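The structure tokens that follow cover one protein chain in two forms, given apart as structure 1 and structure 2.
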Structure 1
């Protein structure tokens, strides 16, 4: 009867995220990656692209599924019939804020949040920094799954 949700904007998903997905998948019967929507623009890839990149990057995880999140994460979590959120912590993570949200979430919906440190090698990657560097000409291909690099290379060019 176990399951966990991994929420995020995944714009785009990185190998740090995938590492977290793999570890959650190894510890819970079912994992749902919840891709949060963007009110307008300001994001790099649209929802369909984000979903595709995540699905394409998680074919080796049979007990994991991708779905679009709407509203409060806790509402999505309880709609999935779960009470756990799994989030990775890495270099640049505003972990103080993650703590605030975790307790707020416990308070309003009884939902637990389990944190896990990302692998050392993916500790400095973030969707935001990967995009910034990629935009300015830097090669971040070793920090992103190939389905993402493929699309990232195409966006540019």
Structure 2
């Protein structure tokens, strides 16, 4: 059984993430969305809200499951009995930076990384930027799934 882990902070999940989830889900037997803890960076939502927002936006994906990660991505991936990561890429800069982590991840663990190009529509969409805009009152509603919008309309 083929499989890939999609790691990230998903704080919050965006239509950009959901496109990746779908695209990954179309090509692997299982996909595991791994929500990584950052103990240094406090963020807008906590895990329960995070998982919940991913679960609500991915109901149409049976082979996909959501799960909290800790420690080294590669350790998490291997603990899923998988050997592959799937990440989106918006630009060549992202690639130059993801490249190093991917080559490190192969070196230490035999875990490979597959990259998908962002969808043209959402290429400018990122969690941090959507937050800041939303904080300052801008309408980011067309860039996020409704589960996320409802919860934002609660943090007004």
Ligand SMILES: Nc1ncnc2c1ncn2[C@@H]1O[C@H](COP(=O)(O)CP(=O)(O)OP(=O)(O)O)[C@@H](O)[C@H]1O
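By rigid core we mean the largest C-alpha set that fits within 1.5 Å across both forms. Shifts are known only where both forms have a C-alpha. Positions refer to the first chain, counted from 1.
Which number belongs to the form deposited with this ligand bound, 1 or 2?
Answer 2, the form deposited with this ligand bound.
Sole residue of 128, 67, 93, 100 shifting 2 angstroms or more in CA between the two structures, core aligned:
Result of the superposition: 93 is the only one at 2 Å or more.
How much does the C-alpha of residue 37 move between the two structures, in Å, when the core is lined up?
With the rigid core fitted, the alpha carbon of residue 37 is displaced 1.1 Å between the two structures.
Superpose on the rigid core and then read off how far the CA of residue 110 has moved between the two structures, in Å.
Superposing on the rigid core gives a C-alpha shift of 0.4 Å for residue 110.
Among residues found in both forms, what runs of at least 3 in a row have Cα shifts of 2 Å or more between the two structures after core fitting?
Shifted segments: 40 to 42, 91 to 95.
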